[PDB]
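Chemist: Using only what follows, build the 3D model:
(4 chains, ligands or ions: 5)
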Amino acid sequence: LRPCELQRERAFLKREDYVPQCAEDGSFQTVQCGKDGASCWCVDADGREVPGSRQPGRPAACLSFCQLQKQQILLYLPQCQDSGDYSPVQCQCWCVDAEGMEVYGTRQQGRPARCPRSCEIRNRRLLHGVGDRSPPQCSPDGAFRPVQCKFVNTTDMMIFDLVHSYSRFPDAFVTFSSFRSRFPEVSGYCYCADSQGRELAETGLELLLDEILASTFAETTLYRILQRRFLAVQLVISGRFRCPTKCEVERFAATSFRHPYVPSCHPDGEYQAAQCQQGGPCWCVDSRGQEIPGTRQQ
Amino acid sequence: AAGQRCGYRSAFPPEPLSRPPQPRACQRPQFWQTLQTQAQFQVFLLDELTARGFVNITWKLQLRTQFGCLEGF
Amino acid sequence: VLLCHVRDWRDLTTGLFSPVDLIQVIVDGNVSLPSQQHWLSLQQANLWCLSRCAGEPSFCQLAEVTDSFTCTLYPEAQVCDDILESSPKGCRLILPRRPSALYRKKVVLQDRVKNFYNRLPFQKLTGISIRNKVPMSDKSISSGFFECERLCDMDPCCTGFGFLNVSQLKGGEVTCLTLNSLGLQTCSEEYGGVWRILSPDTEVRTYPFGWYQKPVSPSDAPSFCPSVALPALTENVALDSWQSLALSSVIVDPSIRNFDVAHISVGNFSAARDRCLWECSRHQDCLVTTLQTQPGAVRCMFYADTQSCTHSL
Amino acid sequence: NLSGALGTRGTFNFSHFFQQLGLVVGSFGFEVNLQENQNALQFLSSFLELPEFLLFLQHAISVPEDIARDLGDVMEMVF
Ligand SMILES: *[C@@H]1O[C@H](CO)[C@@H](O[C@@H]2O[C@H](CO)[C@@H](O[C@H]3O[C@H](CO)[C@@H](O)[C@H](O)[C@@H]3O)[C@H](O)[C@H]2NC(C)=O)[C@H](O)[C@H]1NC(C)=O
Ligand SMILES: *[C@@H]1O[C@H](CO)[C@@H](O[C@@H]2O[C@H](CO)[C@@H](O)[C@H](O)[C@H]2NC(C)=O)[C@H](O)[C@H]1NC(C)=O
Ligand SMILES: *[C@@H]1O[C@H](CO)[C@@H](O)[C@H](O)[C@H]1NC(C)=O
Ligand SMILES: *[C@@H]1O[C@H](CO)[C@@H](O)[C@H](O)[C@H]1NC(C)=O
Ligand SMILES: *[C@@H]1O[C@H](CO)[C@@H](O)[C@H](O)[C@H]1NC(C)=O
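Modeler: Residues are numbered from 1 along each chain as shown, chains lettered A, B, ... in the order given. Ligands and ions are numbered 1, 2, ... in the order given. Dropping the coordinates below:
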């Protein structure tokens, strides 16, 4: 999973009277809180509490993970973006993922013009031969497509090698007819993938292919049809012709994993203007979920 | 002896003349592009400061409240 | 002994190397190739020269020892004709003078790729300068791709590679041909879907395949790589024959679709401009060409008739 | 009609989803008003086989990308 969700589920199962809530992306929320919103202390990516914060309520916008690591190092220095997260290219002037750990093969003398997003990195790391040989579908901007569709070999229930099969026969992916006549025992499978490309929980939908040039299989009409069908079924499942946005994932997490902050959103899916903490203060929030520097209280 | 004069503007500071006064000096009088305001380890200061939406501290804004310009211009 | 020649590039192990017979060498006195002379028994000398090679593996790849004694350390002098095919039969060693016991460095692969190759969005490449055409039909596609990436990393002059089919009409065979110059690269996918200006034999569209270029990496291609330039234009284009337009007489309208893009790099800006102007002059359909200098390459865009007159009294 | 035609045993528990239905909680704590979802689905279907819809695309494509990154934003600024 991630360094947090393990701790979170351990706390929830063991019932130990504090659950370290962490946002989607499975990284510790900068400002954790106690079992009843008593004392929200802020932490770092490691998972420890920063000594200089135990105040009851909510800390006044505790320092971000990038800058926490930076000031820890002070006693290379990261360049934290104005938002508090790492700049996409640290500076040897390599560039980094959205976690702090440098992207593998990106050590250069000068700043790269544009170095990969997360989905491009995952695809390339797949070609190196680590992970199931099915390329995650990447949005044009480079981030993960919300709906990821990976085929499955029906016999043995083993994932269907897609890099190799599409490399060898992408004539075979012209239409579903050809695919059936080439791989009759393969049944598609589409799920909703979060910002990190991690298959969300209990949202996979094992489609069928029996009854229905491009490249990458993310531009083939096969994938477009196979995700249009998934969104159509998702409309019935959840009324929204789309997968749950980052907000709604955070919501469901908080509701399930009881901890005092539960974000709020409305059917459009974006973060509601003002998020409120039961037994605590309210505050405006931007589209990306980060609390506005100060709004505690056209 | 002579002293050069510039619709354009002299990039170099004025001075009278011997010396080789620079020919390719006078050029476009650009427009203001930065405003900044001053208020009374530095990395710790800036880290704890910007975390609140933000000793000598300056908030220069590339486009009290004195105008300047981007470094190298 | 007495190493450090005046003119030499600057700035167990006997079995580690793969000796190659001398017949594979094309002698050429009028050739340019950096090296490191020396003036060294015989077998002890051979081991010494090979140890000296392994000492500085940055560019020593064609260590050769003679007995007429000397031993030099050439870089990979395997210039290949710019023909897409699954065989180094077109690749021929060119050396200043036939040595006696020329060896070469066994290509050592790795598990970690040094850099992140980003595939070019260009199907066609003209003026490429192939370095080492390799067959890859033996390996699997992903394993072959990994071998190809590693091959280009191990080559300090490789400025990008190509993992692609060759002779697809006959059936096609996968090859990892590494480039030290991408040349004029054209025939993109997103650009000029309508209004194309420019290959069944090869096929670079399927996912693994493409024309990967290693990151721009402004190291300046360390100064022992073979100097490479686009083939000189046989025709001379007179810039006076083309109206240069001021940037104020043009609109920046996006969503304009009757155009097509090309990149260059490789030669001084004037050379790239002449190349793109000639490329547009070949087609009577191109009408305006605009060049902008991107960091690594220069981007020339060809638009057809696109003018928006505004009328008034 | 899909429940047997296309949708198949995967990981969503159609069993549980139906056991509160005819044969509420939803995928991610999503209250589901089944009737409204079905009505919206038929709305979208009749909407997609609509002669004017094509024209909308022919116009939605035209509008500059700067004011509307994607056709959804084109639509929102048309609303
Ligand atoms: C680039 O050429 C590639 C050469 O490796 C080619 O891969 C080969 O493709 C053929 C089919 O096109 C495979 O043959 C298979 O399909 C036929 C269809 O009738 C069957 O009869 C055969 O038994 C077999 O299953 C080859 O096997 C495959 N290469 C290898 C080594 O197996 C790619 O198709 C080419 N890429 C493009 C874009 O054309
Ligand atoms: C429900 O689904 C079935 C199966 O998809 C439909 O039967 C198909 O109908 C189409 C025409 O709409 C035919 O082209 C297919 O050959 C049929 N398939 C089979 C297996 O019979 C059926 O029409 C749908 N409607 C109802 C009321 O069942
Ligand atoms: C799926 O599994 C079977 C195992 O019987 C295997 O033989 C087959 O190759 C797999 N599918 C394809 C298309 O190869
Ligand atoms: C660029 O190089 C070519 C080489 O012959 C030369 O003809 C041309 O005049 C050069 N232009 C400039 C600006 O150096
Ligand atoms: C959900 O599906 C499983 C098999 O995947 C099935 O055994 C189970 O009964 C279903 N849940 C319920 C509540 O029926």
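Chemist: Only C-alpha atoms from now on, for both contacts and neighbour counts.
Modeler: Noted.
Chemist: hey, which helix is longest across the chain?
Modeler: All of this is about chain A. Looking across chain A with DSSP state H, the single longest helix is helix A:221-238.
Chemist: My question was about chain D, not that one.
Modeler: helix D:34-48.
Chemist: next helix or strand past that one?
Modeler: helix D:51-60 (DSSP states H and E).
Chemist: related to what we said a few turns ago, neighbouring contacts of the longest helix of chain A?
Modeler: Contact with helix A:221-238 is made by A:147-149, A:173-176, A:188, A:190-191, A:205, A:207, A:217-218, A:240-243, D:26-27, D:30-32, D:34, D:37-38, D:41, as judged by C-alpha atoms under 8 Å, 6 or more residues apart in numbering or on different chains.
Chemist: mind listing the helices in chain B by residue range?
Modeler: Under DSSP H, chain B gives helices at B:42-50.
Chemist: ok and the residue in it nearest chain C?
Modeler: residue B:28 (17.0 Å; C-alpha to the nearest C-alpha).
Chemist: and the nearest residue to that residue once chain neighbours are set aside, how far is that from ligand 3?
Modeler: Of all residues not flanking residue B:28 in the chain, residue B:8 sits nearest, at 5.8 Å (C-alpha to C-alpha, 6 or more residues apart in numbering or on different chains). According to C-alpha to the nearest ligand atom, to the nearest Å, residue B:8 stands 74 Å off from ligand 3.
Chemist: Count the residues that sit near residue B:8.
Modeler: 10 (other C-alpha atoms under 10 Å in any protein chain shown).
Chemist: residues contacting it?
Modeler: With C-alpha under 8 Å, 6+ apart, residue B:8 has these contacts: B:26, B:27, B:28, B:29.
Chemist: Check residue A:137 too.
Modeler: Counted by C-alpha under 8 Å, 6+ apart, residue A:137 has contacts A:119, A:144, A:145, A:148, A:149, A:217, A:218.
Chemist: For the residues you listed, give me TSV that also has secondary structure, distance to chain B and neighbour count.
Modeler: Converted to TSV, the contacts of residue A:137 look like this (DSSP: H, G, I helix; E, B strand; the rest coil; distance: C-alpha to the nearest C-alpha, whole Å; neighbours: other C-alpha atoms under 10 Å in any protein chain shown):
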residue	secondary structure	distance to chain B	neighbour count
A:119	helix	30	22
A:144	strand	29	23
A:145	coil	32	20
A:148	strand	36	25
A:149	strand	40	28
A:217	coil	43	24
A:218	coil	40	20
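Chemist: and of those residues, the nearest to residue A:34?
Modeler: The shortest gap between residue A:34 and any of the contacts of residue A:137 belongs to residue A:144, at 33.2 Å (C-alpha to C-alpha).
Chemist: Verify the contact between the closest one and residue A:195 for me.
Modeler: Yes - contact criterion C-alpha atoms under 8 Å: residue A:144 and residue A:195 qualify, at 6.5 Å.
Chemist: Figure out the helix or strand that the residue lying closest to residue C:53 once chain neighbours are set aside lives in.
Modeler: Sequence neighbours aside, residue C:60 is the residue nearest to residue C:53 in space, at 5.6 Å (criterion: C-alpha to C-alpha, 6+ apart). Counting by DSSP H and E, there is no helix or strand that carries residue C:60.
Chemist: returning to that earlier point: show me which of the contacts of residue B:8 are buried.
Modeler: residue B:26 (16 or more other C-alpha atoms under 10 Å in any protein chain shown).
Chemist: Closest one of the contacts of residue B:8 to ligand 4?
Modeler: Distance to ligand 4, by C-alpha to the nearest ligand atom, is smallest for residue B:27 among these, at 24.2 Å.
Chemist: Buried ones among the contacts of helix A:221-238?
Modeler: A:147-149, A:173-174, A:176, A:188, A:190-191, A:205, A:207, A:217-218, A:240-243, D:26-27, D:30, D:32, D:34, D:37, D:41.
Chemist: Looking at chain A, which residue is nearest chain D?
Modeler: Closest point on chain A to chain D, by C-alpha to the nearest C-alpha, is residue A:206, at 4.4 Å.
Chemist: For the stretch 101-250 of chain C, which residue gets nearest to ligand 1?
Modeler: Closest point on the stretch 101-250 of chain C to ligand 1, by C-alpha to the nearest ligand atom, is residue C:172, at 4.1 Å.
Chemist: Next to chain C in this structure, residues from chain A, please.
Modeler: Proximity of chain A to chain C is confined to A:104-110, A:112-113, A:127-129, A:163-164, A:166-167, A:170, A:214-217 under the rule C-alpha under 8 Å from any C-alpha of the partner chain.
Chemist: Okay, and which of the residues you listed map to strands?
Modeler: Of the residues of chain A next to chain C, none are assigned to strands by DSSP state E.
Chemist: Okay, and which of those residues map to helices?
Modeler: Per DSSP H, these map to helices at A:127, A:163, A:164, A:166, A:167.
Chemist: Distance check, the most far-flung residue of chain A relative to its centre against residue A:160.
Modeler: The C-alpha centroid of chain A is most remote from residue A:181, which lies 35.7 Å away (C-alpha atoms, centre = their mean). From residue A:181 across to residue A:160, the span is 15 Å (C-alpha to C-alpha, to the nearest Å).
Chemist: Ok, residue A:196 next?
Modeler: 22 Å.
Chemist: Which one's more surrounded, those two?
Modeler: residue A:160 (21 against 15).
Chemist: pretty sure residue C:262 is in a helix, no?
Modeler: No - checked against DSSP: H, G, I helix; E, B strand; the rest coil, residue C:262 lies outside a helix; its state is strand.
Chemist: what's the distance between it and residue B:26?
Modeler: 37 Å.
Chemist: cool, residue A:243 as well?
Modeler: 59 Å.
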